[PDB]
Every structure is written in C-alpha cells, then in structure tokens.
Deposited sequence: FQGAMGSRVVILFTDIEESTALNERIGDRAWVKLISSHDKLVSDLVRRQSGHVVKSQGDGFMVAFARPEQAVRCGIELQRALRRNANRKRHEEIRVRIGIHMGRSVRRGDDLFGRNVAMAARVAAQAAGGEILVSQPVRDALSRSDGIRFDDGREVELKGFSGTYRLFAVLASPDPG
C-alpha cells in the first residue's frame, strides 16, 4: 500500500432511505443537517478531519487510531441520547490526492464499516494491535470475507 499512514473511519446510518421515505424530505434534511453538525463536532474533538459525506455517512481521517475510536465511542453515546449508525475503522498507508484519499486501505476501511452492525464500532486487526493503556477494550473478533480482497480478516468490536 502506498502513501502516508492514516486512520480512516466510515460512518453509515442504517436504513436511512426508508427513514427518509417515512418522514419525508423536509424532516430528512433537518435530521441530516443536525447529524452533520454532531459528527463534525465530535470529529474535531479528536483532531480528525471529515474528507467527504455520502449524505447519511462520513469518511473521516485521523492521525492516530485512538482518536478515531474515541470519536466513534462518543458518536455512539451521543446517538443513544431515532437513528442507528455503523462505524468501521482501519489504518494503513493511503495516497493523498487533493483533499481525498485513495488506495486499497481506503477500500478496506469502507468494507470494515459495511460489516459493522448498527450501533457497533468495528476495527481491523492493525487498529486493534495498535491499541491497548488507551482506555479501550475489544471483543475477541470475528473472521470474515470482504468483497474485493482475497484474505479473510478478523474484525474487532469496541466494547
């Protein structure tokens, strides 16, 4: 993998299209505007940078894995206080192109988030291995196949 080491976090609201259809566009745009503000504030708290939005989810860059995980922990807490979000985190080298990130580790991060349940923070093995002392605990992981990748990958939920 090429480029600089970065931690990439993806959020994704569960079943947001059905929600949009149920409440209508007026209520949806109000909901997502508030969600954007929330995510943006919590990202900034852990020194992250939002790269882009898919409307109901964000791609976010952090320098350190504990920053990303803490952001995720705070987001889940805030949401608990109705939408559910899945969060995936991976780290590794990726290529900076403009203000965007490219490469297999970006795709890997997206695939990890896709595996996450609503309300769950899932991290890849390298993220798990990099943490411990940081006030963060994990489960024992689950091995899964990821589309586009040849391996099987053990993904760890934050407890």
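Query raised in the report: What are the unmodelled segments when the structure is compared with the full deposited sequence, in sequence order?
Result: Seq positions lacking coordinates: 1-3, 85-92, 144, 172-177.
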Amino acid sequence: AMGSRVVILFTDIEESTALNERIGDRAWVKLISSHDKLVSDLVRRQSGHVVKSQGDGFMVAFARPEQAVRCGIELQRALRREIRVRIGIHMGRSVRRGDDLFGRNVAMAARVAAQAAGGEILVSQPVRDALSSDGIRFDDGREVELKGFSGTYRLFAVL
From here on, numbers count along this sequence of modelled residues.
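Query raised in the report: In at least one third of the other PDB entries compared, is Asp134 left unmodelled?
Result: Yes, left without coordinates in at least a third.
Query raised in the report: Of the other entries that cover residues on both sides, do at least a third skip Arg97?
Result: Per the records, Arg97 goes unmodelled in at least a third of the other entries.
Requested in this report: With reference to the PDB entry, specify whether the mean Cα temperature factor is higher for 122-130 or for 24-32.
Outcome: Comparing averages over the C-alpha atoms only gives 24-32.
Report task. State which stretch shows the higher mean Cα B factor in the entry: 88-96 or 105-113. Result -> Stretch with the higher mean C-alpha B-factor: 88-96.
Query raised in the report: So among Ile136, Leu9, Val144, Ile13, who wins on Cα B-factor in the entry?
Result: When the deposited C-alpha B-factors of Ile136, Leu9, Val144, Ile13 are compared, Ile136 is largest.
Requested in this report: Rank-wise, by C-alpha B-factor, drop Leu159 into the lowest, middle or highest third of its chain.
Outcome: CA B-factor rank for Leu159: highest third.
**Report entry** B-factor third for the C-alpha atom of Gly55 within its chain
**Finding:** As the PDB entry reports it, the C-alpha B-factor of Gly55 lands in the highest third of its chain.
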